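All Cβ positions, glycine included, derive from the backbone under ideal geometry; neighbour counts span all protein chains shown. Laboratory data are not the source of any read-out in this text; all were calculated from the coordinates shown.
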Amino acid sequence: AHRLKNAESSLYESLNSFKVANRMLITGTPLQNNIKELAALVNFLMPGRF
DNA sequence: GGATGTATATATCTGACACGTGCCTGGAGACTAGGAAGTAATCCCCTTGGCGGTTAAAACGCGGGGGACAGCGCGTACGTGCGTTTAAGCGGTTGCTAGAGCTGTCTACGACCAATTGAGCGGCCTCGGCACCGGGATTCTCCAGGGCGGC
């Protein structure tokens, strides 16, 4: 899921437009450079709560 | 008796219309100065229709041969197709820097104006050089005297 660490990358808008009820991310490094990567991951998971 | 083709209805996507707002740039109104329109005078170039004379260019004719074009052969180099490689295209990382945009301050540099004067334009006088006329030095053609031959 670290490949999904960028919100502006085309994979993010490709996977965020999918009509899926439940999502899950498997990764080894959740944070790599800053808090914004984790913010993008939790926005992909829960869009609005965090 | 079961499932398939087709018609009408409903929810969703998407381009377009109108509403709202800023802002800044164009428009309205007034004033002024100078750019350009108009006028008169002077002088030189251009127009149209002629004439005269020179002469070199243009036109015409003719012969001939050089060159353009057509045909043929040939061989090579480029097109075509297929299998393999490779690198373009896309998506992505990661930081730093260049640059556009905006705001702000200030200072040196260029516009502007008045007085001045010295470099540019025209004519006049003089010199350098080329040319016209007079005088001296040098060389070429010619007329006459002396000697020899013939009746």
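Of these, A:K5, A:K19, which one is within 13 Å of DNA strand B (Cβ to nearest atom), free of Cβ contacts under 8 Å to residues at least 40 places away in the same chain, surrounded by 10 or more Cβ atoms within 10 Å (Cβ to Cβ) and not aliphatic (A, V, I, L, M)?
Sole residue among the options that is within 13 Å of DNA strand B (Cβ to nearest atom), free of Cβ contacts under 8 Å to residues at least 40 places away in the same chain, surrounded by 10 or more Cβ atoms within 10 Å (Cβ to Cβ) and not aliphatic (A, V, I, L, M): A:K5.
Can you give me the number of residues within the range A:22-50 that are within 9 Å of DNA strand B (Cβ to nearest atom) and part of a helix (DSSP H, G or I)?
1
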